[PDB]
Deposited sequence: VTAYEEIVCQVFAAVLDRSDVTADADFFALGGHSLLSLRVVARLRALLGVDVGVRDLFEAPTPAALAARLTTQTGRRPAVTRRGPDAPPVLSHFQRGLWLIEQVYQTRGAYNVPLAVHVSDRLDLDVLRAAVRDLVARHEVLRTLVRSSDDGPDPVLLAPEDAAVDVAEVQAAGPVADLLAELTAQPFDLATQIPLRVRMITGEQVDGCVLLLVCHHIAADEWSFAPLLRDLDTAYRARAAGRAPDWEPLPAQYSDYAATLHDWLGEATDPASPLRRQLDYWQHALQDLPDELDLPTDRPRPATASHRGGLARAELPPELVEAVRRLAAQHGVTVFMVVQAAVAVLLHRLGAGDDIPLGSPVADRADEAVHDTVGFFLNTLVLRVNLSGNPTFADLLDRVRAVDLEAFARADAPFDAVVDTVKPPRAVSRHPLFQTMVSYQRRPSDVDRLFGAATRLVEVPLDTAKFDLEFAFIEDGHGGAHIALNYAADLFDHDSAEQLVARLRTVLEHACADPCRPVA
């Protein structure tokens, strides 16, 4: 869970009085010692509500290690002859695509503007190195009677898909179209690479499209890192000089499967976490009374738009202060604000919000390529006329309770809860809230000037998806990915603007009742 990691970071920063606390920063190297160790332990106990001690800090002196310490066997490499293993999370992504026919909605884009036009032959060679390094990028998925079956292509058998595209109209719409193009994972590797050039394009835009089964947003940094390494090596006519991965995704999947156990085992983590979610999601609403422009259609088209709400740096910093002062993450502030927004729009006091949680505590997978996101239903209650500060306490309690049962795959949770189904409605929740941080130090890739560019998606996965997105070099914005079937664009622009308004009011005076 990344949430533990940012809480430990916020605690390190406050105690050491430093603004440079990263997930890999050693507490004692940061300037800490035994005296300040007591203050870190005391603050983490009051915030996290778990019995943490000096021992945990000593053995795990970095936020990533300490967070992982609070979250199960370590991932072990299974040897070269081991067959591929699809994780439960991958199986869930395969199910939603087959059962709900989401076409291209789950494709993950990663677009980088490059001041130089890249060499297509070197890029293709580098993509082959990237695919050879990360087995998940050359793992096909084929249907069967039992379900999906992984098929690991050998590096020499994985035909990479690398092509240059000349941009006619605006580049942003081309990026969205290329992203929406569906994969056939039975015959194509889950990676498409496109270099967009044109008279309007200065240099090129490098677009990586991954099928979600093979990458999450947390994979952007290792993707660009490794692709840059391979491109530079291939431009010099050599193979990239890198060590093997400490673990492949199949290693992570096998370890997760063995630890989860069988749902029929009363002592297995799977059944115990499923039992929690069965109780926690009792009497859940089928859906929230949101203000749509059109009724929910019989079948979902999964068309969508993207409405941005720019946040002034002073608002981003005020939101950070509000999170730090109440001992919550920025995500919890955003999640609380979204709950207030839907509440003020008439959704009631019982607000289920879907949210991704990253299962990247193990150091063998903490910085690797793959899909490590589970989906949790964060059920926030707004009854009793709470203030926003009160809500931040409720949200923290709901989230921490949820983060302790984050391994039960969301599809098993849907099976256990058994809500009424509808192919045009995502079950258990239809609004997702997430916090995302884009990679830093990706400005000099491929020996050029580079910058990430956001892709304006033409697809949507739920009714509403709110994302607080930090760019990695200072700024932040809210991205609302809305279902076009339900909302017009201007309704979504208004929705994302009213969320910023709620955030502005919460920072100004968190003691206002949310009603």
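Residues of the deposited sequence lacking C-alpha coordinates, counted from 1, fall in a single stretch, 72-76.
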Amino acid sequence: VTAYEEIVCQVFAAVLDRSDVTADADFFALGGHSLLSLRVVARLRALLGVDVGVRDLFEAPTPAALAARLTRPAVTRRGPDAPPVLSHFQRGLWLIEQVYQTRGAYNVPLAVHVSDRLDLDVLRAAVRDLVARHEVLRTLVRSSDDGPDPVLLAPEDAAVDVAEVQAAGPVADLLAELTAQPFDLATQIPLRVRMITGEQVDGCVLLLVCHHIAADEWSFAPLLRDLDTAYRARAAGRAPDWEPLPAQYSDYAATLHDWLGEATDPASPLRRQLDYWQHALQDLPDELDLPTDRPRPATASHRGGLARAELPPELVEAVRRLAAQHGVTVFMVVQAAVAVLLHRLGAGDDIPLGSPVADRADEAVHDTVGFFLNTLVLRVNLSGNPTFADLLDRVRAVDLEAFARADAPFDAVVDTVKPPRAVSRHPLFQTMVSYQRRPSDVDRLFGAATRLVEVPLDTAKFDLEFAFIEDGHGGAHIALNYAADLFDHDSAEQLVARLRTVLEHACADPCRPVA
From here on, numbers count along this sequence of modelled residues.
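Remark: stretch with higher mean C-alpha B factor among 23-31 and 464-472 is 23-31. Comparing 53-61 with 483-491, the higher mean C-alpha B-factor in the PDB entry belongs to 53-61. Of all the options 405, 124, 78, 194, the entry's greatest CA B-factor is assigned to 78. Across 376, 274, 158, 214, the entry's maximum B-factor at the CA atom is seen for 158. When the modelled residues of the chain are ordered by their C-alpha B factor, residue 296 lands in the lowest third. Looking at the C-alpha B-factors along this chain, the one for residue 266 belongs to the middle third. Residue-level temperature factors show residue 371 in the lowest third of its chain, judged at the C-alpha atom.
Compared with the other modelled residues of the chain, the Cα B-factor recorded for residue 423 ranks in the highest third.
Among all modelled residues in its chain, residue 90 ranks in the lowest third by Cα B-factor.
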